[PDB]
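So the structure is just underneath, and the comments pick up after that.
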Amino acid sequence: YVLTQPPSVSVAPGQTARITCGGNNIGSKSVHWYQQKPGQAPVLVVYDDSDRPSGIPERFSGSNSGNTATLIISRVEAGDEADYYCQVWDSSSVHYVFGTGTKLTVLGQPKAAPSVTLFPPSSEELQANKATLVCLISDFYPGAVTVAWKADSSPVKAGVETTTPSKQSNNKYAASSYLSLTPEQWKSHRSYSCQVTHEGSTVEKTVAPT
Amino acid sequence: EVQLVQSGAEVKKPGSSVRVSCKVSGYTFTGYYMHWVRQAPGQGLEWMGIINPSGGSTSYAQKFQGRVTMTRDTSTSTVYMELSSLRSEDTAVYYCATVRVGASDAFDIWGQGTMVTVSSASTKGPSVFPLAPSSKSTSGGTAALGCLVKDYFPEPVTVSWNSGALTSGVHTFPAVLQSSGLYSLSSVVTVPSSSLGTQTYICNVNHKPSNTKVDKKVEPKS
């Protein structure tokens with residue numbers, strides 16, 4: 001019942017990542033660990049506290065102590081970046097409880113700055129009685145970015161939709177942010193700008209109507 | 001190797017039902033029983049239930065209790081998964097997974113998953129508006145142009161520039177899901193601005209489920 005993991009873990013290569021998974025008294029319970037790389041399916045990595053399935057690297061080893069069970073990935077490699085879930089069989093409700101998940105981030109890539117191009121609404125989009133702003137972010141690392149919009153230079157919180165970051169052809173992340181508007185506000189405010197904060201670093205682009 | 005292959009992605013509307021198959025390959029199917037797992041977007045694994053290929057009895061989780069139906073077919077070596085009273089919060093990837101009687105207790109073999117987008121929107125084709133580059137840029141450097149693929153509710157829309165000849169600078173961003181249950185994405189190419197009138201830039205926004213084939217040129221701002 002309620003298996004609990006820390007959300008994020010960062011370990012540079014060579015070190016050993018010890019992803020912890022805590023349930024109330026896991027006293028040698030059937031602890032099982034699963035790696036879930038992006039886009040694909042969970043694959044069993046460690047079962048029965050510490051044992052492995054055949055074909056799983058010798059690096060992976062588990063340990064289930066008293067009240068907290070942990071996963072030891074000795075000599076971490078870049079190909080070990082994934083989400084890791086723990087799981088036991090709860091006899092109280094006869095259920096199969098999974099952990100909260102832990103995104104393991106292998107480092108080994110210097111911090112990168114976004115490129116935050118802006119697009120006004122189209123001359124044909126206004127002909128269609130609408131106006132949507134486009135914010136496109138690419139070529140930035142630490143997969144975490146905060147977005148905030150500004151009309152003219154007055155704060156805004158209405159009509160903005162933003163997607164979650166995604167790995168590129170590069171191993172740098174990318175995300176998109178949109179803003180639907182009304183056409184009379186578009187040419188009343190002098191300029192629209194993209195304000196994108198990444199790790200505490202803000203880059204902006206500006207445009208004026210036609 | 002013993003494989004688990006699942007049905008393809010399904011698109012349902014709230015209040016319906018959805019069946020997802022998960023075929024086992026090879027051995028006497030009714031050897032070791034298998035279970036099902038939900039995983040909503042971005043979130044974590046959730047256990048849904050069990051069926052025994054042999055003794056077709058089932059055992060579910062409390063959240064999906066009564067609204068999930070699990071069946072198996074001994075002849076074709078498969079298991080089935082039915083959600084009843086489909087709700088919008090059930091949009092997820094639904095995995096299947098077998099546990100082998102003996103070694104041990106975890107699911108050694110997993111399925112590929114089946115995305116089940118669940119929303120009330122109707123199958124619609126997107127409207128395209130060209131996005132003009134930097135107005136001046138006469139003596140500037142490099143600029144970005146693009147196409148706006150607005151408003152559609154199936155999420156395989158494919159954009160390609162000039163029948164695929166344009167490759168350098170292309171970055172088609174993942175689509176956004178606006179609050180109305182409808183999608184929108186953008187595709188942008190970065191090119192030197194010295195050619196702002198001597199090569200042609202046309203994007204082909206294809207949307208197969210509505211067979212909406214629309215071309216849209218991006219000329220410099222005017």
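Residue numbering restarts at 1 in every chain; chains get A, B, ... in the order shown in the structure tokens, and ligands count up from 1 in that same order.
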DSSP strand (DSSP E or B) selection over region 1-152 of chain A, as a PyMOL selection string: chain A and resi 4+8-11+17-22+32-36+43-47+51+60-64+68-73+82-90+95-98+102-106+115-119+131-140+146-151
Shell around region 182-184 of chain B at 6 Å using only C-alpha atoms, local window under 4 positions removed, as a list in words: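 Contacts, in chain order: residues 149, 150, 151, 152, 153, 175, 176, 177 and 178 of chain B.
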I need the contact residues of chain A against chain B, so if you could list those with any atom within 8 Å, counting only C-alpha atoms, and return them as a PDB file with N, CA and C atoms, in the first residue's frame, that would help.
```pdb
ATOM      1  N   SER A  30       7.858  -8.815  -1.649  1.00  0.00           N
ATOM      2  CA  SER A  30       8.199  -9.112  -3.041  1.00  0.00           C
ATOM      3  C   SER A  30       8.411  -7.798  -3.788  1.00  0.00           C
ATOM      4  N   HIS A  32       9.825  -5.446  -6.647  1.00  0.00           N
ATOM      5  CA  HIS A  32      10.113  -5.565  -8.068  1.00  0.00           C
ATOM      6  C   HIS A  32      10.287  -4.180  -8.669  1.00  0.00           C
ATOM      7  N   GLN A  40       8.367   3.789 -24.840  1.00  0.00           N
ATOM      8  CA  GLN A  40       8.220   2.343 -24.870  1.00  0.00           C
ATOM      9  C   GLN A  40       7.626   1.836 -23.556  1.00  0.00           C
ATOM     10  N   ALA A  41       7.710   0.526 -23.354  1.00  0.00           N
ATOM     11  CA  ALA A  41       7.017  -0.203 -22.305  1.00  0.00           C
ATOM     12  C   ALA A  41       7.938  -0.490 -21.128  1.00  0.00           C
ATOM     13  N   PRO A  42       7.377  -0.701 -19.936  1.00  0.00           N
ATOM     14  CA  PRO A  42       8.211  -1.095 -18.795  1.00  0.00           C
ATOM     15  C   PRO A  42       8.797  -2.482 -18.999  1.00  0.00           C
ATOM     16  N   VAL A  43      10.072  -2.625 -18.648  1.00  0.00           N
ATOM     17  CA  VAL A  43      10.782  -3.895 -18.733  1.00  0.00           C
ATOM     18  C   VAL A  43      11.301  -4.243 -17.344  1.00  0.00           C
ATOM     19  N   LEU A  44      11.088  -5.491 -16.930  1.00  0.00           N
ATOM     20  CA  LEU A  44      11.523  -5.926 -15.609  1.00  0.00           C
ATOM     21  C   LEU A  44      13.043  -5.895 -15.520  1.00  0.00           C
ATOM     22  N   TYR A  47      13.873  -8.266  -9.701  1.00  0.00           N
ATOM     23  CA  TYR A  47      12.738  -8.920  -9.070  1.00  0.00           C
ATOM     24  C   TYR A  47      13.199  -9.619  -7.800  1.00  0.00           C
ATOM     25  N   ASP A  48      12.248  -9.823  -6.889  1.00  0.00           N
ATOM     26  CA  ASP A  48      12.483 -10.520  -5.627  1.00  0.00           C
ATOM     27  C   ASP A  48      13.646  -9.885  -4.865  1.00  0.00           C
ATOM     28  N   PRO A  53      16.514 -10.627 -14.025  1.00  0.00           N
ATOM     29  CA  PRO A  53      16.199 -11.525 -15.135  1.00  0.00           C
ATOM     30  C   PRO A  53      17.388 -11.642 -16.072  1.00  0.00           C
ATOM     31  N   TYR A  85       9.928   2.397 -11.699  1.00  0.00           N
ATOM     32  CA  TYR A  85       8.812   2.154 -10.799  1.00  0.00           C
ATOM     33  C   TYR A  85       9.084   0.914  -9.958  1.00  0.00           C
ATOM     34  N   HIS A  95      -4.267  -6.242  -4.001  1.00  0.00           N
ATOM     35  CA  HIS A  95      -3.992  -5.382  -5.144  1.00  0.00           C
ATOM     36  C   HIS A  95      -2.510  -5.454  -5.501  1.00  0.00           C
ATOM     37  N   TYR A  96      -2.148  -4.749  -6.570  1.00  0.00           N
ATOM     38  CA  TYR A  96      -0.769  -4.645  -7.039  1.00  0.00           C
ATOM     39  C   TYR A  96      -0.427  -3.159  -7.090  1.00  0.00           C
ATOM     40  N   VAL A  97       0.235  -2.658  -6.056  1.00  0.00           N
ATOM     41  CA  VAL A  97       0.519  -1.232  -5.941  1.00  0.00           C
ATOM     42  C   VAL A  97       1.845  -0.920  -6.620  1.00  0.00           C
ATOM     43  N   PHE A  98       1.848   0.119  -7.449  1.00  0.00           N
ATOM     44  CA  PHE A  98       3.053   0.628  -8.083  1.00  0.00           C
ATOM     45  C   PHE A  98       3.531   1.884  -7.366  1.00  0.00           C
ATOM     46  N   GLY A  99       4.829   2.144  -7.466  1.00  0.00           N
ATOM     47  CA  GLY A  99       5.402   3.340  -6.893  1.00  0.00           C
ATOM     48  C   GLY A  99       4.983   4.588  -7.649  1.00  0.00           C
ATOM     49  N   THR A 100       5.501   5.723  -7.181  1.00  0.00           N
ATOM     50  CA  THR A 100       5.191   7.006  -7.798  1.00  0.00           C
ATOM     51  C   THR A 100       6.018   7.249  -9.056  1.00  0.00           C
ATOM     52  N   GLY A 101       7.119   6.533  -9.223  1.00  0.00           N
ATOM     53  CA  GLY A 101       7.972   6.740 -10.381  1.00  0.00           C
ATOM     54  C   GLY A 101       9.094   7.714 -10.094  1.00  0.00           C
ATOM     55  N   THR A 117      11.718  31.694 -30.834  1.00  0.00           N
ATOM     56  CA  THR A 117      11.140  32.433 -31.952  1.00  0.00           C
ATOM     57  C   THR A 117       9.654  32.719 -31.716  1.00  0.00           C
ATOM     58  N   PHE A 119       5.880  34.220 -33.562  1.00  0.00           N
ATOM     59  CA  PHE A 119       5.092  34.451 -34.772  1.00  0.00           C
ATOM     60  C   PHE A 119       3.809  35.211 -34.458  1.00  0.00           C
ATOM     61  N   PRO A 120       3.562  36.337 -35.122  1.00  0.00           N
ATOM     62  CA  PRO A 120       2.269  37.021 -34.998  1.00  0.00           C
ATOM     63  C   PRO A 120       1.149  36.191 -35.601  1.00  0.00           C
ATOM     64  N   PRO A 121      -0.101  36.631 -35.461  1.00  0.00           N
ATOM     65  CA  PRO A 121      -1.187  36.006 -36.222  1.00  0.00           C
ATOM     66  C   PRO A 121      -1.077  36.322 -37.706  1.00  0.00           C
ATOM     67  N   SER A 122      -1.619  35.422 -38.521  1.00  0.00           N
ATOM     68  CA  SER A 122      -1.518  35.559 -39.966  1.00  0.00           C
ATOM     69  C   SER A 122      -2.469  36.630 -40.488  1.00  0.00           C
ATOM     70  N   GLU A 124      -4.084  35.945 -43.047  1.00  0.00           N
ATOM     71  CA  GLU A 124      -5.193  35.061 -43.374  1.00  0.00           C
ATOM     72  C   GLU A 124      -5.888  34.529 -42.128  1.00  0.00           C
ATOM     73  N   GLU A 125      -5.193  34.494 -40.988  1.00  0.00           N
ATOM     74  CA  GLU A 125      -5.845  34.110 -39.742  1.00  0.00           C
ATOM     75  C   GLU A 125      -6.802  35.195 -39.269  1.00  0.00           C
ATOM     76  N   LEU A 136       7.832  29.105 -29.877  1.00  0.00           N
ATOM     77  CA  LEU A 136       8.519  27.862 -30.204  1.00  0.00           C
ATOM     78  C   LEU A 136       9.893  27.848 -29.552  1.00  0.00           C
ATOM     79  N   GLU A 161      -1.896  28.309 -24.167  1.00  0.00           N
ATOM     80  CA  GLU A 161      -1.727  26.871 -24.021  1.00  0.00           C
ATOM     81  C   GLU A 161      -0.286  26.511 -24.349  1.00  0.00           C
ATOM     82  N   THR A 162       0.292  25.611 -23.556  1.00  0.00           N
ATOM     83  CA  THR A 162       1.702  25.263 -23.684  1.00  0.00           C
ATOM     84  C   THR A 162       1.873  23.761 -23.522  1.00  0.00           C
ATOM     85  N   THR A 163       2.617  23.148 -24.440  1.00  0.00           N
ATOM     86  CA  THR A 163       2.893  21.722 -24.383  1.00  0.00           C
ATOM     87  C   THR A 163       4.110  21.449 -23.500  1.00  0.00           C
ATOM     88  N   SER A 166      10.067  18.037 -25.020  1.00  0.00           N
ATOM     89  CA  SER A 166      10.288  16.799 -25.753  1.00  0.00           C
ATOM     90  C   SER A 166      11.717  16.766 -26.273  1.00  0.00           C
ATOM     91  N   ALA A 174      12.698  20.418 -26.300  1.00  0.00           N
ATOM     92  CA  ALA A 174      11.955  21.346 -27.142  1.00  0.00           C
ATOM     93  C   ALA A 174      10.496  21.358 -26.711  1.00  0.00           C
ATOM     94  N   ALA A 175       9.876  22.535 -26.775  1.00  0.00           N
ATOM     95  CA  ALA A 175       8.479  22.683 -26.396  1.00  0.00           C
ATOM     96  C   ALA A 175       7.870  23.843 -27.168  1.00  0.00           C
ATOM     97  N   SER A 176       6.541  23.895 -27.162  1.00  0.00           N
ATOM     98  CA  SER A 176       5.787  24.902 -27.892  1.00  0.00           C
ATOM     99  C   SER A 176       4.751  25.539 -26.977  1.00  0.00           C
ATOM    100  N   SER A 177       4.468  26.816 -27.228  1.00  0.00           N
ATOM    101  CA  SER A 177       3.502  27.572 -26.442  1.00  0.00           C
ATOM    102  C   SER A 177       2.648  28.411 -27.380  1.00  0.00           C
ATOM    103  N   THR A 210       2.357  44.314 -38.734  1.00  0.00           N
ATOM    104  CA  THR A 210       2.832  44.618 -40.093  1.00  0.00           C
ATOM    105  C   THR A 210       4.042  45.548 -40.134  1.00  0.00           C
TER     106      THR A 210
END
```
Non-local contacts of residue 107 (chain A) (7 Å; only C-alpha atoms; under 3 positions in same chain excluded) as a PyMOL selection string: chain A and resi 10-12
Store the residues of this selection in a file with C-alpha atoms, as a PDB file, in the first residue's frame.
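What landed in result12.pdb:
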```pdb
ATOM      1  CA  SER A  10      20.414  13.065 -11.066  1.00  0.00           C
ATOM      2  CA  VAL A  11      23.636  11.039 -11.323  1.00  0.00           C
ATOM      3  CA  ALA A  12      26.597  11.593 -13.643  1.00  0.00           C
TER       4      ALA A  12
END
```
For residue 120 (chain B), the nearest of the candidates B:213, B:100, B:208, B:87, counting only C-alpha atoms: B:87
